[PDB]
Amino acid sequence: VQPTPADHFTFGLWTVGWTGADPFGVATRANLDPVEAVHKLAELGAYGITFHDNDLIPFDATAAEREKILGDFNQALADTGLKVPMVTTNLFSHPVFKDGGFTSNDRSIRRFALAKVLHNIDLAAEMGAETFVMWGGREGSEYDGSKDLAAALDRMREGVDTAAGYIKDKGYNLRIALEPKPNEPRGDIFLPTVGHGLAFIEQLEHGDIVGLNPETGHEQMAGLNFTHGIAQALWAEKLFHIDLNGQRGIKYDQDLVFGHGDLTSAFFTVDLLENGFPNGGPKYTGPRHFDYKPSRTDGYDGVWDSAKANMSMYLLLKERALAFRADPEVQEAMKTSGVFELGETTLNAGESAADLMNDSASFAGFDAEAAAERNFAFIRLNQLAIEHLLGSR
């Protein structure tokens, strides 16, 4: 398995650039030059790179510094052919953002935050990015009386609709992707799961250009099924981008390599991304982005190894998932279990509620004890998927 640019594997500058500081220790690695990151990733087979404004341009950068850095990074992009499909803003590291950007209780800070986003849209637009991600990491609270929860959602909405109105006004070819996270760094974060992000988009004035950017480990930090959550996003046609990594349980966000967390869930996520729904429906078509962090125990050989492991894991899972659905035994097990039967509408063509209540066969004369005898054989279908994942089939 060898990734080619046709695979659409994208990486953030902050992933291979993550230096290693965590809550109990300092960096274990020297900073990564952005020019090097770009060359290195292009040599491994990446398709693109993504960044936060401050990953590249320091917060306090003078104008001359910004131009230099941008000339160096654009040179690197020209030399290697990497695309920049997504750009995001850092509204969480500077001390000013301690209570949030968009939903900070201080209004002057909310204004700076939105100003900082608006300027970043311009940059995003000039880099040719198709997606603009918003991860509101500091949007939340540690304590329940810190916020007016209705006002917090109004403030979030104001910021997101202002950013979207500006895109439309400027004619930029960008969509906004919101990225949910249940906690960390705040005790509770606003719009904690895929459902909460999707719900919120529906209250927006400009929701047509707003969708989601779900991350594997974020959903698993609430103990949810990542595959079920991205399936709901898909079904509502709101799956704009995806962040792939691994997580080993409900705890701090590990950011492991994709497939290095819950393996069977990783298998079924790849199947959904590659094979789509068994009865048909929308398919996800954007980048396969890896938002992970190389363990701080490992030196730079490990960094490149970890980048490579992401693409290898995905390609290996993909091979198994295509083999799995192509197997005739699996197709037969699917039919037996009623997977295709779920796709037939419950009612008949032009059958109303009144018509159904009235059908004796469906209710009054329905044999419930006889229907309950069906062996759905879900265990057997599960055994067949796992044997295909282990390559023994």
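From 1 onward, residues are counted along the sequence shown.
#### Entry: Segment of higher mean CA temperature factor, 92 to 100 or 169 to 177
Looking at the recorded C-alpha B-factors, 169 to 177 comes out higher on average.
### Query
Going by the B-factors listed in the PDB entry, is the mean over the C-alpha atoms higher for 64 to 72 or for 343 to 351?
Higher of the two, by average CA B-factor, is 343 to 351.
### Query
Taking the Cα B-factors listed in the entry, which of 136, 81, 261, 211 comes out highest?
Of the options given, 81 has the highest CA B-factor in the PDB entry.
### Task
Go through 243, 154, 271, 126 one by one and give the residue whose Cα B-factor in the PDB entry is largest.
Reading the PDB entry, the winner on C-alpha B-factor is 126.
### Query
Against its chain's modelled residues, does residue 224's Cα B factor rank lowest, middle or highest third?
Its C-alpha B-factor belongs to the lowest third of this chain's values.
#### Entry: Ranked against its chain, the third holding the CA B-factor of residue 106
Middle third - that is where residue 106 ends up once the chain's C-alpha B-factors are sorted.
### Message
Taking only the Cα B-factors deposited for this chain, tell me whether residue 238 sits in the lowest, middle or highest third.
### Response
Middle third of the chain for residue 238's C-alpha B-factor.
#### Entry: Ranked C-alpha temperature factor of residue 200 among modelled chain residues, by third
Middle third.
### Query
Mind checking which third residue 28 falls in for C-alpha B-factor across the chain?
For residue 28, the deposited C-alpha B-factor lands in the lowest third.
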